[PDB]
Amino acid sequence: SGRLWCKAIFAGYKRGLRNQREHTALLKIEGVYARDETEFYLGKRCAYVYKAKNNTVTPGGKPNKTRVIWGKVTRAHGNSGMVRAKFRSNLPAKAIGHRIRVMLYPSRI
Amino acid sequence: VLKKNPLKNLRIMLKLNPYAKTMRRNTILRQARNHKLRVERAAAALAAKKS
Amino acid sequence: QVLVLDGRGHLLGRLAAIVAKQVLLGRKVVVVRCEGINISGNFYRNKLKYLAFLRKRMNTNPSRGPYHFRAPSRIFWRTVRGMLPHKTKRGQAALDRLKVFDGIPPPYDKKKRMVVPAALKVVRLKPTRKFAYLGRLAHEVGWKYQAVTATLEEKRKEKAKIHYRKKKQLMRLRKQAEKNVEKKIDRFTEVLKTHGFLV
Amino acid sequence: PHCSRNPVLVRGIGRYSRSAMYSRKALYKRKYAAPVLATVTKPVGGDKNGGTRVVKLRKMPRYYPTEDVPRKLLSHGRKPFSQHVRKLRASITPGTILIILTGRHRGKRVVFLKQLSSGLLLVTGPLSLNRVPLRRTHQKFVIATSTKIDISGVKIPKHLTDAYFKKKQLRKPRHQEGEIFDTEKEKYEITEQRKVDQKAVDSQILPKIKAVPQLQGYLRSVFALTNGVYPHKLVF
Amino acid sequence: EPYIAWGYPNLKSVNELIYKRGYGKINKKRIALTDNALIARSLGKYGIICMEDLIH
RNA sequence: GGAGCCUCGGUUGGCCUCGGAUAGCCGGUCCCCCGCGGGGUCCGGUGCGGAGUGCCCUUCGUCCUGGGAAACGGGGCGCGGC
RNA sequence: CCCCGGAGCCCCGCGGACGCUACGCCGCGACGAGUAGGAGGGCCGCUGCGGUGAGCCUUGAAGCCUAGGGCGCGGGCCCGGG
RNA sequence: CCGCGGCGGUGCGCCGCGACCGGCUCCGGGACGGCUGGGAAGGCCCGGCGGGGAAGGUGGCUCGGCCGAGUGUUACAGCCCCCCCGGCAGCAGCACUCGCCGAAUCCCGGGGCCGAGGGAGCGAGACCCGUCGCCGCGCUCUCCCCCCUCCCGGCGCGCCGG
Ligand SMILES: [Mg+2]
Ligand SMILES: [Mg+2]
Ligand SMILES: [Mg+2]
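Residue numbers (the entry's author numbering), protein chains in the order written: chain f, 2 to 110; chain C, 313 to 363; chain O, 5 to 203; chain E, 38 to 72, 84 to 284; chain F, 139 to 194.
And the structure:
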C-alpha cells in the first residue's frame with residue numbers, strides 16, 4: 002500500500018570529460034554516499050518509468066500510457082556512493098535529473 | 313581448445329599436474345589439524361585463567 | 005521536496021558550488037537572506053574585485069555588455085550561474101529550479117530553512133581571517149534597497165520571536181503533560197526506550 | 038551397494054588417498070582371476097494364407113526432408129532443471145518471516161513453511177490474517193526478516209508439493225476462430241481440497257503466531273518505504 | 139632500463155605466470171599449454187615432459 | 001455532476017526564534033525593573049547537543065462481534081460570526 | 001581361434017561426406033594508422049559486339065517518382081506501389 | 001483423433017528463473033614461514049646497583065575551605081622513570097589490529113558484473129549415440145559388522161526386520 006522502491010536520480014551517463022559512453026547510466030541513489038553504503042544495491046532491478054502519448058499494454062493490467070526501461074545496478078561508481086547502472090536500452094537524456102526507481106527485488110537479504 | 317584456468321579449475325590443474333591432488337589434500341588436513349590445536353591451546357588458557 | 009537555505013553565515017562561492025550540483029540533480033532550491041552571505045578576504049579586497057567586474061563592458065554598446073547585478077540575491081545567482089552549463093537547455097533548466105532572495109519573503113519566512121555547514125564561515129575560515137558581508141559590498145556598488153531590506157527583517161524577527169515564545173509555551177506544557185500522565189503512558193514509554201529513544 | 042568409502046574433504050577432494058583406499062576397499066583379496085544373414089534379428093508376427101509374415105518394428109521412413117541440421121558436440125555438464133542442486137539463503141529458516149516483494153501480495157508479510165522440490169519457497173501469511181494463502185514464492189523476491197515463530201512441530205501435508213501448486217488450464221483445438229474459445233472459462237476456482245489444506249495448516253501455525261505479542265498485527269500490516277528510511281541503513 | 143620493470147621472481151610467480159598464462163610456441167603458433175602432450179612433444183628431448191618440469 | 005483529446009513531473013508531511021562560536025540551550029525565580037509577556041541578577045538542570053534534522057509528526061490492508069486499557073474526540077469538501 | 005552384403009560401430013586398411021563450384025570446402029596461429037605512390041580483388045557500375053538464358057515484355061519494356069520491404073563493409077543491388 | 005511418448009529443429013510478442021563453464025571485480029573465514037630464530041608489550045614477582053625528573057615531603061609566597069589548589073628550591077624514595085646485573089610458563093608479526101616481508105612456507109567458502117557461439121551420424125533385417133584425456137571416487141562381481149532410520153512388512157508414539 003506504499004512505496005516498494007528506493008529513490009534515485011539519473012546523474013548522467015558514464016563518461017570521460019569529452020567522451021560520454023551512453024550505454025552506462027550513473028545513479029545517485031538517495032541516502033547513500035560511500036563506496037561502502039552501496040553493496041546493498043549491487044544487482045538490483047531498476048526502472049526508468051515514464052509516460053507517453055500513445056497507449057501501451059501492461060502486465061496484469063489494462064492498457065496504459067506509462068512505459069518503462071528496465072535495468073540493473075552493476076557496480077559502485079567512485080567513493081561518494083554513486084552507482085553504475087546498465088539498462089536494457091540506453092536511457093533517453095531527456096531523463097537527466099529525473100527519478101529512476103531502484104527496486105529491492107533481486108534480494109540477497 | 314578453450315583454456316580453462318588451472319588455478320581455478322581443480323581438474324585442469326590435475327590434468328596438467330596430478331601431484332596437486334595430494335598437495336591440496338594435505339593443506340586442508342594440515343590446516344584443520346592446526347586449527348583444532350589452536351582451540352585446544354585456547355581452552356587450556358581459559359582453564360588456566362579460571363584456575 | 006524543496007531546499008530552503010539561509011544564505012547567512014555561508015561563503016559565496018562555497019555555497020554556490022553546493023547549490024549548483026543540487027540544482028543539476030533536479031533538486032529545487034531556494035536561497036534566502038542572500039545579503040547575509042559573506043565572502044572571505046577583507047572587505048576592501050572584494051570591493052575592488054567587484055569594481056573591476058563593473059569596468060568590464062562592451063565598449064561599442066554597454067547596453068549589450070555584461071550586466072552587473074547589484075542586489076545580493078542576483079549576485080549570488082550570478083555566481084551559481086557560473087557553475088552550471090547555462091548555455092545548454094539542461095543548464096537553463098537547472099537555474100530555473102534555483103530561487104534567490106534578498107532577505108526572507110513570505111513563503112519561506114514561515115518555513116524551517118537549512119544550513120550547509122560545508123559552506124559556513126565559522127567552519128571554513130580561520131577566525132583571525134577577514135571577510136566581507138555581501139550586503140555592504142552590494143550597498144556600496146549601488147544596491148538600492150539595503151535599508152528597506154533591514155526594516156522588513158526587523159519586522160520578521162519580531163514576528164518570529166512571538167512564534168517561538170508560543171512554541172516554547174507548548175513544549176513546556178508538553179513536558180508538564182508527560183509528568184501529569186506518566187503512570188498511564190508508563191508501559192508505552194518503557195518500550196520506546198528498549199529500542200533506544202528517550203535516553 | 039555400499040556407500041562412499043572415502044568421505045568428502047572438499048568438492049572434488051576425497052579425504053583419503055589412492056593408497057588408503059586400496060586398503061579400505063581391500064583390493065588385496067578381491068582379485069578377479071578371469072581368463084544377420086538368415087537368422088532375423090528383431091521383427092516377427094503371425095497371419096493366414098501363404099504362411100506367416102515377417103513384419104519390421106521401427107520401419108524406415110516415408111519422407112526425408114531436403115536438408116536437416118547435423119547433431120551437436122556432447123557438452124559435459126549441462127543438467128536439466130530437475131537434476132539441479134537447490135540453494136537457500138541461510139537467513140530463510142522454517143517458521144521465519146518474509147516480506148514478499150513482487151506479486152499481488154506485494155509488501156504483505158508472511159510466514160515461511162518449506163522449500164519445495166523446485167527450489168521455490170512454500171509460504172503462508174495465514175489467509176486469516178493477511179489474505180495470503182498456501183503459496184509458492186522465490187527466495188530472490190522476498191526479504192528474510194529477522195523475526196521467527198517456532199514452527200518446529202507442525203505436520204505440513206506431504207501431499208502438498210510443487211506439483212500441486214501448479215497452474216492448470218487450456219488445451220489446443222476447439223472452435224477457435226471467431227469471438228470465442230478460452231478468452232472465457234473466466235475464473236480460477238479455489239476448489240475444496242485447497243481450502244481444506246489451508247484450514248489444516250493455518251490452525252497449527254495460527255496458535256503459534258498468536259503466542260508472540262503483537263505478531264498477528266505485524267502480520268496484518270504491509271511494508272513500505274517512507275521518507276528518510278533507506279533499505280541499506282535499516283535491518284530486516 | 140627506463141623501458142622496463144624487472145627483478146627476481148618468486149616461486150609462486152613462476153607458477154602463476156606459467157599456469158594462468160603459459161603458452162607454447164608450437165610450429166610458430168602461440169598455443170595454450172592445455173596438456174603436457176604439447177610440452178613433451180616439443181621439450182621432451184630435454185627430459186622436460188610436463189608443466190611441472192618446465193617450472194623447475 | 002458525466003464523458004474526452006493532450007502535457008507531464010511526482011509516489012507522507014515538517015506551520016518559522018535570534019544568533020553565538022575563546023561559547024551556547026532550558027528552566028525557575030525567592031528578588032528587582034519595564035510594556036499575560038520583555039530585561040536583569042541569583043540559583044537549579046542539560047552541553048560531542050535526546051526540548052537531538054544522528055531529529056520530529058503521521059501510519060500502511062477492509063470489515064464483523066465482544067472484552068479489557070484509553071474515552072468526548074472525529075466527521076458531514078457540515079454550516080454562520082470574530 | 002570361422003565370413004562385416006553384416007564387427008555393429010570412437011575405427012573400421014571391403015565402400016565411402018550432409019562436405020568435394022578442389023579457382024571448392026575445412027582447421028589452427030598471428031596481425032589491421034596512412035598522403036605521394038604501387039599491386040590485388042570487385043556476383044560494383046555504363047554503352048556495343050559473339051555466344052547463351054525454349055529469359056522477360058501491351059495481362060505493360062525503358063525511364064521517372066516514392067515518410068513502402070530488404071540485402072550488401074562498400075561500389076551498388078533486388079523487390080512493393082505510383 | 002488422443003497421447004505434448006522418443007528425436008529433431010521453434011518460441012507471435014513481452015518476461016522471469018535455474019544450475020554449468022569462461023573472464024573479471026570484490027567480501028568473509030581460517031592455516032603457515034622468516035626476522036635482532038623479530039622489536040616492543042603484558043603478567044608474576046624477588047634480590048640488588050646506581051643516575052634523573054621531580055614528591056605522600058619540606059619551604060617562601062599566593063588563592064580557596066589543619067585540609068584542598070597554584071608557583072619556587074635541595075633532592076633521598078614512601079609518584080614514577082632510566083641504566084646495570086639474574087629468571088620465570090603466555091606467547092603468537094597478537095582482535096588490547098603499536099610498527100614487516102612473504103606462501104609448494106596456502107587453503108576454504110561467498111557475493112556483483114559481462115559473456116556462452118563451436119557443433120568428430122544423410123546405412124540397406126540389428127543405437128538416431130555416445131563421448132577423448134583427467135579426477136577419483138563410488139559401487140559392485142569379497143566377506144564382516146555398527147548405526148541411524150525413508151519406503152514397505154511386523155510387533156509393542158516406541159521397538160524389530162530399503
Ligand atoms: Mg504513476
Ligand atoms: Mg591499412
Ligand atoms: Mg593514394
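Every residue, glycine too, gets a C-beta built ideally from N, C-alpha and C.
| query | result |
| --- | --- |
| Could you work out which residues of chain C lie near residue 158 (chain F), taking near to mean beta carbons separated by less than 7 Å? | 317, 319 |
| Show which residues of chain E have a CB atom less than 8 Å away from the CB atom of residue 333 (chain C). | 50 |
| Provide the residue span of the beta strand (DSSP E) that contains residue 48 (chain f), from first to last. | 46-52 |
| If you follow the alpha helix (DSSP H) that residue 172 (chain O) is part of, which residue opens it and which one closes it? | 150-185 |
| Throw me the rounded Cβ distance for the residue 189 (chain E) and residue 42 (chain f) pair, which I believe falls under 8 Å. | That pair is no contact at about 16 Å. |
| In chain C, what lies closer than 8 Å to residue 170 (chain F) by C-beta? | 313, 315 |
| Could you tell me whether the Cβ atoms of residue 32 (chain O) and residue 6 (chain O) are closer together than 7 Å? | yes |
| With a threshold of 16 other CB atoms inside 10 Å of the CB of residue 174 (chain F), please say whether the residue is buried or exposed. | buried |
| For residue 70 (chain f), return the contacting residues in chain O, with the cut-off set at a CB-CB distance below 7 Å. | The contacting residues do not exist; residue 70 (chain f) stays about 18 Å from chain O at best. |
| Am I right that residue 281 (chain E) and residue 32 (chain f) are in contact with their C-beta atoms under 8 Å? What's the rounded C-beta distance? | 7 Å |
| Can you list, in chain order, the residues of its chain whose CB lies under 8 Å from that of residue 24 (chain O), leaving out five sequence neighbours each side? | 84, 87, 88, 98 |
| Based on DSSP bridge pairs, tell me the residues matched to residue 42 (chain O). | O:15, O:137 |
| Listed in chain order, which residues of the region 86-100 of chain O have Cβ atoms closer than 9 Å to some Cβ of chain f? | 94, 97, 98 |
| State yes or no: is the beta carbon of residue 146 (chain E) nearer than 7 Å to at least one beta carbon in chain f? | no |
| Mapping the DSSP letters down to three states, classify residue 63 (chain E) as helix, strand or coil. | coil |
| List the residues of chain E that residue 34 (chain f) touches, going by C-beta distances under 9 Å, in chain order. | What residue 34 (chain f) touches in chain E: nothing, since even the nearest Cβ is about 11 Å away. |
| Could you run through the region 83-98 of chain f and flag, in chain order, every residue whose CB is less than 7 Å away from some CB of chain O? | 97, 98 |
| For residue 134 (chain E) and residue 141 (chain E), what's the separation of their Cα atoms in angstroms? | 14 Å |
| Just checking: is the beta-carbon of residue 190 (chain F) within a distance shorter than 7 Å of some beta-carbon in chain C? | yes |
| Could you list which residues in chain f have their beta carbon closer than 9 Å to that of residue 280 (chain E), in chain order? | 7, 30, 32, 33, 38, 39, 40, 41, 42 |
| Residues of chain O with CB closer than 9 Å to the CB of residue 10 (chain f), please, in chain order. | 29, 30, 31 |
| Shortest alpha-carbon distance to residue 57 (chain E) belongs to which of C:318, C:350, C:337, C:346? | C:337 |
| Jot down the residue ranges of each uninterrupted alpha helix (DSSP H) in the region 28-91 of chain f, minimum 4 residues, whole runs only, in chain order. | none |
| Does the CB of residue 199 (chain E) have a neighbour CB from chain f at under 7 Å? | no |
| Show which residues of chain F have a CB atom less than 9 Å away from the CB atom of residue 338 (chain C). | Simply none; closest approach about 17 Å. |
| For residue 127 (chain O), which residues of its own chain have a beta-carbon under 7 Å away from its beta-carbon, when the five flanking residues on both sides are left out? | 121 |
| Please report how far the alpha carbon of residue 154 (chain E) lies from the alpha carbon of residue 131 (chain O), in whole angstroms. | 56 Å |
| Excluding the five sequence neighbours on either side, which residues of its own chain have a C-beta within less than 8 Å of the C-beta of residue 85 (chain f), listed in chain order? | 15, 25, 26, 27, 28, 74, 75, 76, 77, 78 |
| State yes or no: is the beta carbon of residue 79 (chain f) nearer than 7 Å to at least one beta carbon in chain E? | no |
| Can you tell me whether residue 265 (chain E) is buried or exposed? The criterion is at least 16 other CB atoms within 10 Å of its CB, across all chains shown. | exposed |
| I want to verify the contact list: residues of chain C whose CB lies under 9 Å from the CB of residue 174 (chain F), in sequence order. | 327, 328, 329 |
| Under 7 Å, do residue 80 (chain O) and residue 108 (chain O) count as touching if we go by C-beta distance? | no |
| Leaving out the 5 sequence neighbours to the left and right, which residues in its chain are closer than 7 Å to residue 187 (chain E) when beta-carbon positions are compared? | 136, 137, 140, 169 |
| Here's a check: name, in chain order, each residue in its chain whose Cβ is nearer than 6 Å to the Cβ of residue 95 (chain E), leaving out the five neighbours to either side. | 101 |
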